[PDB]
Every structure is written in structure tokens, then in C-alpha cells.
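To start, the structure itself, in C-alpha cells.
Read-outs throughout are calculated quantities, based only on the coordinates presented, and are distinct from any laboratory measurement. Positions of Cβ are generated from backbone atoms using ideal geometry, with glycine treated the same way; all protein chains shown enter the neighbour counts.
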Amino acid sequence: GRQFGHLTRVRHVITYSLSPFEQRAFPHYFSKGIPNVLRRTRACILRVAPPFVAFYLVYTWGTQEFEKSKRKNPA
Amino acid sequence: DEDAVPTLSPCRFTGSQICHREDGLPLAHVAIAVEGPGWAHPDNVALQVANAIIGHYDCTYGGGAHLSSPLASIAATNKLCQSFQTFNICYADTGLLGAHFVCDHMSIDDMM
């Protein structure tokens with residue numbers, strides 16, 4: 001279902017567009033582009049990054065104890 | 001006369017779209033056109049012939065289904081519009097060539 005023309009009620013909103021054959025597909029790509037990816041990364045690190053490093057650490061520690069355990073000095 | 005008498009610069013045609021969504025009004029208006037040549041150009045006659053074939057329609061024309069123009073005919077039978085008109089507007093070295101129509105919210109697509 002749903003169609004077009006029966007979605008919802010909208011009032012007083014103009015939308016200017018420009019034909020794809022009259023604009024560039026990659027405007028300020030490196031110029032405006034890269035700062036944006038840096039900004040998105042900033043916004044998300046503190047929520048994505050930590051959980052992972054918690055595993056990263058659990059992983060290397062987990063392996064060391066294992067490997068180091070199958071060895072022994074006296075008794 | 002003398003200095004301070006400039007000519008007319010050409011006007012770039014762009015080709016884009018402006019939509020003014022307003023569901024409060026009961027019938028949609030749409031106007032679509034390609035760039036036409038100016039007044040001078042000889043090929044305005046052929047454009048007008050082609051436009052005449054497509055013609056115009058309005059909901060008070062007698063003769064519906066039997067109208068020659070296929071757009072007119074299909075518009076009247078399936079009631080895909082309330083009115084439509086082709087145009088060939090002319091300016092110095094450019095122009096708007098195309099059509100305009102008016103219709104219920106659910107007929108804009110078929111009409112186009």
C-alpha cells in the first residue's frame with residue numbers, strides 16, 4: 001500500500017531543484033567532504049569506540065593468560 | 001541618443017523545478033516547458049503546428065472521447081484533468097515551449 005498523493009497533508013513548503021545534467025555529482029568532494037567525515041567521526045567515537053577497545057583488551061589479555069598458563073616452573 | 005543605450009543580453013535557460021506544495025488548494029497546477037527559440041527563428045511555425053495537434057482541453061468542451069488530440073481525448077474519457085493548454089512563449093533569443101494543466105491531486109502523474 002500507501003501510493004503517492006495519499007501519504008500525508010503538507011502546507012506552504014517550496015522546493016527548488018536543479019536538473020542532474022546541470023550540476024556536478026561531486027561538488028566540493030574533498031573540500032567540504034573530508035571535514036564532514038571528521039565531524040561524524042567525532043560525534044560518534046565516544047559511543048562506538050570504547051565497547052570495542054574493552055573487547056580489544058579482553059582479547060589480548062585473554063590470549064596471554066592462556067598461552068602463559070601452559071608452562072610452569074617448580075612443583 | 002548617444003551613450004547610455006545598451007542592448008539586451010541573452011538569458012540562460014536552466015531547466016529545473018520549483019514545487020510549491022499546498023494541500024489546502026483543491027486542484028494542482030503544473031507548467032512544464034523546454035527552452036524554445038526566440039521570435040525571429042523560422043521554426044516557430046512547426047512548433048505551433050505540433051502544439052496545435054496536441055491542442056487544448058477544458059472540462060466544458062463538447063465532444064469528449066471523440067476529440068482528435070489523443071491527450072485531449074484520453075483526458076476527457078478517463079477525466080485526468082480539468083483543463084490543459086500547450087504554449088509556445090517567445091522572447092528575444094529564447095522561449096518556453098510546453099504545456100500547462102490543472103487537475104485533481106491523484107491525476108498529476110497520469111496527466112504528465
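Restricting segment A:1-33 to residues that are more than 26 Å from B:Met106 (Cα to Cα) and polar (S, T, N, Q), the residue that is farthest from the other protein chains (Cβ to nearest Cβ) is A:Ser31. For segment B:1-45, the candidate set comprises residues that are in a strand (DSSP E or B) and of a type in the set (A, V, I, L, M); within that set, the residue that is farthest from the other protein chains (Cβ to nearest Cβ) is B:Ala31. Looking across segment A:6-37, the residues that are among the hydroxyl-bearing types (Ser, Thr, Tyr) and either surrounded by 10 or more Cβ atoms within 10 Å (Cβ to Cβ) or in a helix (DSSP H, G or I) (or both) come down to A:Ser17, A:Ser19, A:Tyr29.
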